[PDB]
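Novice: The structure follows.
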Amino acid sequence: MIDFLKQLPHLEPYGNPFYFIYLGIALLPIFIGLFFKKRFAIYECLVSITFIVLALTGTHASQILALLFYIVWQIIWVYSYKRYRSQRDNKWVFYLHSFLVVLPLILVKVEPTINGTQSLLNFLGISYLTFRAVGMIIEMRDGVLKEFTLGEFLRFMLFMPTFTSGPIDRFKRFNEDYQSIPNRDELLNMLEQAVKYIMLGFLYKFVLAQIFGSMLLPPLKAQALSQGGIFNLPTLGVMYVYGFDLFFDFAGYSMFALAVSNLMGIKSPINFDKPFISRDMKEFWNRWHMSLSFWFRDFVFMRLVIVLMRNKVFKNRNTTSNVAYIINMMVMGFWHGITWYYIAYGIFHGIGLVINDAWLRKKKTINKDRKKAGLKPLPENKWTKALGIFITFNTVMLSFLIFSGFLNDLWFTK
């Protein structure tokens, strides 16, 4: 039972160049299919199940049961609420369902911070899969989503390319994208896009992520640890080198995911948009890990602001935002894991955003004052842009040093 699947080979999803040979052959019939407006549902299900299983059949291949459990568990609570929301709509039934849907994820995250081991509920894609599930409970709550097949739901939820850690997606647009197969040239354009993406991914993940991550980072950490203190010039090195490695590996992955998704005929959400040339903290979050970023924006932040408006709990328009920023970014930190440095990374980006949002209000009223004063509006050239970039780039790189937990190694290994 547990025995056979540990005797089946492990394929790290987008792990090497060779992975793309197998997946390529695999997807080829699906793609050719899309040219004749046909899909092959059973074949699609088989090939999805294979690559998910192969991603999960490590030395700890037990997680396939954890996935099996999870799939069943979600079917219960999604249908539990679907059947319920037909007739009655209540605040507290909603919360309980929402909690129960995120409950397996909470337990996975809470487990190493209580025993120092993994939950048996844990499987690779869990932290990203939960968004797809919760999303539906949220969308059904607001009555923007009503009818859907168990198939439609399961397709969307365990979509293979974006499974391991891929772009988060929402049901309504995924389903609508899957419904209508794109015309011959529009579809051929995707194939062009996919090779472009794959080749670029190769450069990022297999070359640059390798240069930063495994050639430059390990001696710089050895340097900074043997130096000691609260900070040092090698620790400034680790900060920049790690940040780039984190970028190239994750953005490289994301392109692979995007490309493979394209060969399946659906264009999944994008994750990065030159995030370093961002001049602003607000702009950075419109450019970095966008699928996640935008998810928290609509399903955590916007929904918190709405409930704080509902009671008008806070004095003014500015404290309600600033609280919600800090809460939203803290929950995001929590989602990464319950360690000091993840929560630290969270509150950092919160105060980071409030500082930013405050200056935007202030800068607006300096221009307002200047207009009445008769002066020219505050300078907006290339040097000002360059300055903004310098601020945020360094803010953001510093945040990644917190996020790496190298600071925990530098300070607390005692």
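Chain identifiers are assigned as A, B, and so on, following the order in which chains appear in the structure tokens; residues are numbered from 1 within each chain, and ligands are numbered from 1 in order of appearance.
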Show me, as JSON, numbers by chain, the residues that have an atom within 10 Å of residue 169 (chain A) when counting only C-alpha atoms, minus same-chain residues fewer than 3 positions from it.
Specialist: {"A": [128, 129, 131, 132, 135, 156, 157, 159, 162, 166, 172, 173, 174, 268, 269, 270, 291, 292, 295]}
Novice: Once DSSP has gone over the backbone, tell me which residues of region 151-291 of chain A are in alpha helix (DSSP H), as an MDAnalysis selection string.
Specialist: chainID A and resid 151:157 171:179 184:201 209:210 217:227 233:263 281:284 290:291
Novice: If you count only C-alpha atoms, which residues fall within 9 Å of residue 236 (chain A), apart from same-chain ones fewer than 4 positions away, as a ChimeraX atom specification?
Specialist: /A:224,231-232,240-241,398,401
Novice: Residues at most 9 Å from residue 153 (chain A), counting only C-alpha atoms, excluding those fewer than 3 positions away in the same chain, as number ranges by chain?
Specialist: A: 75, 133, 148-150, 156-158, 171, 175
Novice: Just the residues within 9 Å of residue 12 (chain A), please, counting only C-alpha atoms, with nothing from its chain fewer than 4 positions along; format it as number ranges by chain.
Specialist: A: 16, 19, 54-56, 58
Novice: Quick one: residues within 12 Å of residue 73 (chain A), only C-alpha atoms counted, chain neighbours fewer than 2 positions away excluded, as a list in words?
Specialist: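 With the cut-off at 12 Å, the set is residues 65, 66, 67, 68, 69, 70, 71, 75, 76, 77, 78, 79, 80, 97, 100, 101, 102, 103, 104, 105, 121, 130 and 133 of chain A.
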Novice: Report, in Å to a single decimal, how far apart CA of residue 262 (chain A) and CA of residue 192 (chain A) are.
Specialist: 9.8 Å
Novice: Please indicate the distance in Å from CA of residue 155 (chain A) to CA of residue 3 (chain A), rounded to one decimal place.
Specialist: 28.1 Å
Novice: Which residues are near region 323-332 of chain A? Cut-off 9 Å, only C-alpha atoms, ignore same chain within fewer than 3 positions. Put them as a PyMOL selection string.
Specialist: chain A and resi 292-293+296-297+300-302+304-305+308+318-320+335-336+342-351+353-354
Novice: Measuring between only C-alpha atoms, which one of A:388, A:182, A:213, A:252 shows the shortest distance to residue 276 (chain A)?
Specialist: A:388
